[PDB]
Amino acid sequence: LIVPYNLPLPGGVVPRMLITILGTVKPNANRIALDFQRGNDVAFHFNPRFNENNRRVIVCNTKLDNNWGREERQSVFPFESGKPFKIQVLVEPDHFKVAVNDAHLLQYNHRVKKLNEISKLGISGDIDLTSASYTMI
């Protein structure tokens, strides 16, 4: 698939929706981003950074009216330059739950509460994208 890639989420997200993204991190990658959007707002931005001051960190945030909020940072970093990955995002009633390569990574509490209006997922950054899909579990 071509990156950046837009995956419509018809009728928005709902609990029990599972989104699966398969790809490969480019060699010498700098960044990856998943952006769950509600119009121009970003309900959930998931942003692995491969070199922020010589550290690897995952940054999560929300953008409302063109302003970023308080960052939530995770130092557990399961991505590896040059290697294949699987990201699974499970929507639960009170948070997005993220697993990478079948291991739980983080949860992100819903800040945007109109889940039905979060109707697009953008995928960008330094990856080759193989598949992006959803199902109900």
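Position 1 is the first residue in the sequence shown; the rest follow in order.
Asker: According to the deposited model, is the average Cα temperature factor higher in 100-108 or in 74-82?
Answerer: Averaged over C-alpha atoms, the B-factors run higher in 74-82.
Asker: Hey, which bit's got the bigger mean C-alpha B factor in the entry, 22-30 or 85-93?
Answerer: Higher mean C-alpha B-factor: 22-30.
Asker: Could you check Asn40, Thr62, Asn51, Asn47 and tell me which one carries the biggest Cα B-factor in the deposited entry?
Answerer: Of the options given, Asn51 has the highest CA B-factor in the PDB entry.
Asker: Ordered by C-alpha B-factor within the chain, which third holds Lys120? Give me lowest, middle or highest, please.
Answerer: Lowest third of the chain for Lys120's C-alpha B-factor.
Asker: Tell me, lowest, middle or highest third: where does the Cα B factor of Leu9 rank within its chain?
Answerer: Its C-alpha B-factor, which the entry lists for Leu9, ranks in the lowest third among residues of this chain.
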